[PDB]
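Following: one structure in structure tokens, then a few remarks.
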Amino acid sequence: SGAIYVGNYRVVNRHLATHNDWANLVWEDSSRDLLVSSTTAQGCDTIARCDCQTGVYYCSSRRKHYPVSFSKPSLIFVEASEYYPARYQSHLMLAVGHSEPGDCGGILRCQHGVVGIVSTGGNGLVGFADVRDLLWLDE
Ligand SMILES: Cn1cc(NS(=O)(=O)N2CCC[C@H](C(N)=O)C2)cn1
Ligand SMILES: [Zn+2]
């Protein structure tokens, strides 16, 4: 679990969104596994605006942060799960590292701020849903 809080927005994995998230829906994209809902309180997270390919992510299944190199956002095949059939997930970045499903929502951060959140995993790789292109999160 986990979310990004920036301005009056909350960014979560779409497959973990709550009833309140859907009742205050701002934007959602099944192909990216993202959902953004509105909040009443102000968010203070800083979103990175860059092309970094190195950062640190939080892994709840190890209670640890790991430094990683990660690929540029791209269209990646994701095998079927209880939340989606087998499909291409867009704007996904991969790194060599550990993750389990409950790790979804952990933040990946570079020197510039929040890059994205844990979204996929398996075969010793971890995938992060990029949020650097969502320029509207800051206005
Ligand atoms: C973070 N993580 C996720 C998994 N398992 S998964 O890749 O099957 N995952 C299950 C939950 C939905 C995910 C998606 N974005 O389609 C895929 C293992 N580690
Ligand atoms: Zn960066």
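By convention in this document, the chains of the structure tokens carry letters A, B, ... by their order, each chain's residues are numbered from 1, and ligands are numbered from 1 in the order they are shown.
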**OP:** Apply DSSP to the backbone of this structure and, from region 19-134 of chain A, keep only the residues in strand (DSSP E or B); write these as a PyMOL selection string.
**Re:** chain A and resi 25-29+34-44+47+54-59+64-69+74-78+87-96+107-110+113-122+125-130
**OP:** Using only C-alpha atoms and all ligand atoms, find each residue with an atom at most 8 Å away from ligand 2 and format the answer as a ChimeraX atom specification.
**Re:** /A:48-55,109-113,115
**OP:** Give the alpha helix (DSSP H) residues of chain A, as assigned by DSSP on the backbone, as a PyMOL selection string.
**Re:** chain A and resi 19-23
**OP:** Would you mind reading off the distance between CA of residue 7 (chain A) and CA of residue 32 (chain A), one decimal, in Å?
**Re:** 21.2 Å
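Near residue 43 (chain A), within 9 Å and counting only C-alpha atoms, sit residues 4, 5, 6, 7, 8, 9 and 10 of chain A, not including residues fewer than 6 positions from it in the same chain.
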**OP:** Excluding residue 94 (chain A) and any residue of its chain fewer than 5 positions from it, enumerate the residues within 8 Å of it, using only C-alpha atoms, and give them as a ChimeraX atom specification.
**Re:** /A:70-71,125-128
Original post:
How would you write, as JSON, numbers by chain, the set of residues no farther than 7 Å from ligand 1 when counting only C-alpha atoms and all ligand atoms?
Top reply: {"A": [15, 33, 78, 79, 80, 81, 83, 84, 99, 100, 101, 102, 103, 104, 118, 119, 120, 121, 122, 126, 127]}
Subject >> Between CA of residue 26 (chain A) and CA of residue 41 (chain A) - distance in Å to one decimal >> reply: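 Rounded to one decimal, the two atoms are 15.4 Å apart.
Note that the spacing between CA of residue 107 (chain A) and CA of residue 23 (chain A) amounts to 24.1 Å.
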Original post:
Using only C-alpha atoms, which of the listed residues (A:34, A:59, A:129, A:86) sits closest to residue 21 (chain A)?
Top reply: A:34
Subject >> residue 75 (chain A) surroundings by only C-alpha atoms, 7 Å radius, close-in-sequence under 6 positions cut, as a PyMOL selection string >> reply: chain A and resi 88-92
Output file for the residues above (N, CA, C and O atoms, as a PDB file, in the first residue's frame):
```pdb
ATOM      1  N   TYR A  88      -0.992  -5.010 -21.869  1.00  0.00           N
ATOM      2  CA  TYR A  88       0.188  -4.153 -21.881  1.00  0.00           C
ATOM      3  C   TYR A  88      -0.097  -3.020 -20.909  1.00  0.00           C
ATOM      4  O   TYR A  88      -1.135  -2.360 -21.028  1.00  0.00           O
ATOM      5  N   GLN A  89       0.843  -2.776 -19.975  1.00  0.00           N
ATOM      6  CA  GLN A  89       0.757  -1.637 -19.072  1.00  0.00           C
ATOM      7  C   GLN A  89       1.726  -0.547 -19.598  1.00  0.00           C
ATOM      8  O   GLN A  89       2.902  -0.827 -19.909  1.00  0.00           O
ATOM      9  N   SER A  90       1.225   0.660 -19.784  1.00  0.00           N
ATOM     10  CA  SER A  90       2.028   1.757 -20.322  1.00  0.00           C
ATOM     11  C   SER A  90       2.699   2.582 -19.189  1.00  0.00           C
ATOM     12  O   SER A  90       2.312   2.494 -18.012  1.00  0.00           O
ATOM     13  N   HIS A  91       3.737   3.350 -19.572  1.00  0.00           N
ATOM     14  CA  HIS A  91       4.452   4.263 -18.696  1.00  0.00           C
ATOM     15  C   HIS A  91       5.087   3.531 -17.503  1.00  0.00           C
ATOM     16  O   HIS A  91       5.158   4.101 -16.395  1.00  0.00           O
ATOM     17  N   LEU A  92       5.489   2.288 -17.729  1.00  0.00           N
ATOM     18  CA  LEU A  92       6.077   1.416 -16.715  1.00  0.00           C
ATOM     19  C   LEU A  92       7.621   1.381 -16.840  1.00  0.00           C
ATOM     20  O   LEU A  92       8.179   1.272 -17.951  1.00  0.00           O
TER      21      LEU A  92
END
```
Original post:
Between A:96, A:135, A:76, A:117, which has the minimum distance to residue 14 (chain A) (counting only C-alpha atoms)?
Top reply: A:117
